[PDB]
Structure formats: structure tokens, C-alpha cells
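Only one chain comes next, encoded as C-alpha cells, the form deposited in one PDB entry.
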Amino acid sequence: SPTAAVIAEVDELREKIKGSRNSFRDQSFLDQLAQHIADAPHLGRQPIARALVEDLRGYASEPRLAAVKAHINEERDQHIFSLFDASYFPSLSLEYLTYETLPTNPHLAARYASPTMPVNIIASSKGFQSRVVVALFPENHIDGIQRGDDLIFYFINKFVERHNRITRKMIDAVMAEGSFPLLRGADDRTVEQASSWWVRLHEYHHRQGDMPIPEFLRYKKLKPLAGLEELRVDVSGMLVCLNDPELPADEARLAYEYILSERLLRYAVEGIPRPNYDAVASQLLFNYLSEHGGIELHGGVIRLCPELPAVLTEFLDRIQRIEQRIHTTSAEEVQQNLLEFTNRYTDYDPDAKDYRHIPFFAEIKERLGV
């Protein structure tokens, strides 16, 4: 395999530089790295590698990876290759992958447009094989730069794997029978499509509203607020799937079921020993929905109520009421009001200033090992 030969060369260079991350912006390091990439038998021949060589050799005066990103953003081929520094994807250093794109609904693509690339990884270097790395953002490159039109990659194969290994088992154990009928037994191609819909709607809605990101990113990085922002856009995508009639009805209901099942179940149990940001917001959704008539609990099993679409709209309306006051109060004041709302429906420990898994999901974590 020619691709495996190229990837073995990247994996070996990755091993050599593993101890030198503090030098990743050092021009003496960058020159040696560029030189080794250039001299690599198979890898050095590739256009994207030549682009990275030029970006690295020029980094002292221009600390950007402009030629690499031009290649990637223009989709000159289906290869990604760069030097990465992403604190939440620690496995990434010098990495290479090849991807395949997925089909997309044309109305979805046109009406909810964003520079999102839902892709399957075909082959990759060691750092991309970590289950942690589910996406790739432009500021993950060492230059730390993101532009509004930079392509953003989501690795749908990893989300299909997660849905099969975790969500499917939580649906069987936690949901009333008939809860997610289109998802029941659906094949990987089907979940693939739903997941690709989810990420396209997800990225689009991050840019909508009164406190979009990245503009208000530094106000939305506290654990409960980062999760709440994730939830804001996924509830938005849920409602689009229910409300936009130009979307194919079968595919839209399937994407609805996927987003809801992921936020109600898989994201709800994330984090040990405390909930992570996604899980705090999902437990907020669970309790809000239970208290406002959107779901019901019958002997530890969740029933989705027929009124759930109206309750989801109410929940999204409530988030938007809080955020709209950015127009008349400080971002700090909106923050405090988003925290207050979150804390009404989650298990907040005021002395630890952190959250505990609400008892409903702590027991499922124990029962299912999730």
C-alpha cells in the first residue's frame, strides 16, 4: 500500500519528535523537521508535504501554516498533513490522514451552510487513531489561527462507533420500547447520514444567535456554559429537523432521533468521576424535560412525551431569552444568569464549585459501565 508506506514515514518522524513539543515553534527544530519531511522517500513527494515544508521553513518571519491550509481548504486532494498543537487532543503532533466525504442533502447544505466537512477517516497516523480525536479544527494547527471560512473536519466514523458501542446499549436499557423506532436496527450507513446531518446543523448554529462563538467563546468555556452552548445548537438542530419542511421527511426524522438520543443518553453519562461539560448540559436537559412535561420516568425507564417538540421549543426559547440580554447587560451578567438556570436542574456542589452526576445517570453509569 502506497498510503501505508507514507503513513509509516510520518509515524516514524512522529516518534522521533515526541519528546520535543516545547520546541515545536523553534526555527532550528522546524528546519530539521522540514528537511526530514522533504527527504522522506514517499511522503516528501506529496504536494501537501511540500506545502508544509514551505510553511515550516518560513515560520520565523510568518508564523502561519498558510500553504498547508490553502491546500486543505481548497480540497486539492483528500489528504491532511500538518504539525498540530491542540491541548484537548494531546495525541496530535505531526500527523497525516486521508478522508472520504459523505453525501449531503442539497437543501441542508444550502440553507444551513458552513465550512463543515463530515468525513470518514480512510487511513491515518498514530495520533489520529486515538478515540479522543473526533474532529479537527483550524486552530489545532501550530499557528493557532481560525478563519470563518476554514474547513472544519468531523470524523463521522468515530461517532458511528460511539453510537453503536454506547448509545444503542443505553437505548435498550433506559428508554421505553418504541422510543427511537427509526434508529432501531438501522445500519451504519444510516447512522452515518444522521450523524453528518447533526454536525452540519451543529456548526451552523454555533454561528447563530446573540452570543455566537467564536465571538463569545471566552465566556462559554466554564464547564456548565461550554456544555450549555453545545446543547443550545443541538436543540436548534433537533427543531430544524422537526420544523423545516423542505428537508426530506424520513431523513429529517432520523436525524432528530439521532441528535435527541445522543444528547439524552450518551452525552449524559460522560466524565469520571464528575460529569464533563456535555454531561452537565445533558443532565440539565433531562431534568428540565422531566419537570416541564417533555419526558416522563416510569420505573427508571424514559418515555418521550408527544408534547416533547413543544417543550424543546420552550427550552430553546428560554436559553435565547437569557442570551438576548447581552444587548442590555454585560457578558458577565448573562454568564451568571446562564449558570443560575443550569444550576436549577443539575447537581451543583457550591463548596467544590463543580457538579456531580445526577443520581439517575450515576446509576446507569454503574449498571452499564459507561
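For every residue, the number given is its place in the sequence shown, counted from 1.
Undergrad: Comparing 224 to 232 with 239 to 247, which has the greater mean CA B-factor as deposited?
TA: Mean CA B-factor is higher for 239 to 247.
Undergrad: Please work out which of 259 to 267 and 96 to 104 has the higher mean CA B-factor as recorded in the PDB entry.
TA: For C-alpha atoms only, the mean B-factor is higher in 96 to 104.
Undergrad: Select one of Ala34, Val311, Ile319, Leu304: the residue whose C-alpha shows the highest B-factor in the crystal structure entry.
TA: In the PDB entry, the greatest C-alpha B-factor among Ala34, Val311, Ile319, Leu304 is found at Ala34.
Undergrad: Just the C-alpha B-factor column, please: which of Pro273, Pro90, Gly185, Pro115 has the biggest number?
TA: The C-alpha B-factor peaks, among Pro273, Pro90, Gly185, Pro115, at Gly185.
Undergrad: Can you work out whether the C-alpha temperature factor of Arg147 puts it in the lowest, middle or highest third of the chain?
TA: It falls in the top third of the chain.
Undergrad: Just say lowest, middle or highest third for the CA B-factor of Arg76 relative to the other modelled residues in its chain.
TA: Lowest third - that is where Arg76 ends up once the chain's C-alpha B-factors are sorted.
Undergrad: Based on the entry's values, in what third of the chain does the Cα temperature factor of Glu139 lie: lowest, middle or highest?
TA: Middle third by C-alpha B-factor.
Undergrad: For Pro181, return the chain-relative third of its C-alpha B-factor as stated in the PDB record: lowest, middle or highest.
TA: For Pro181, whose C-alpha B-factor we compare with every modelled residue in the chain, the answer is the highest third.
Undergrad: Going by the recorded CA B-factors, say which third of the chain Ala110 sits in, lowest, middle or highest.
TA: Its C-alpha B-factor belongs to the highest third of this chain's values.
Keep in mind that the form solved in complex with a small molecule is not shown, yet the notes after this line are about it.
Undergrad: Would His202 count as a contact of the small molecule in the deposited complex, using a 4.5 angstroms cut-off between non-hydrogen atoms?
TA: Contact with the small molecule, yes.
Undergrad: Any of the heavy atoms of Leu217 lying within 4.5 Å of the small molecule in the deposited complex?
TA: Yes, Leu217 lies within 4.5 Å of the small molecule in the deposited complex.
Undergrad: Looking in the deposited complex, any heavy atom of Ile152 within 4.5 Å of the small molecule?
TA: Answer yes; at least one heavy atom of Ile152 falls within 4.5 Å of the small molecule in the deposited complex.
Undergrad: Closest heavy atom of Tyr277 to the small molecule in the deposited complex, within 4.5 Å or not?
TA: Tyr277: contacts the small molecule in the deposited complex.
Undergrad: Of 183 to 191, 94 to 102, 222 to 230, 239 to 247, which is the one stretch near the small molecule in the deposited complex, taking non-hydrogen atoms within 4.5 angstroms as near?
TA: Every other range fails; the passing one is 222 to 230.
Undergrad: For a quick test of understanding: in the deposited complex, does each of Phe137, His206 and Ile213 have a heavy atom within 4.5 Å of the small molecule?
TA: All of them do, each having a heavy atom within 4.5 Å of the partner.
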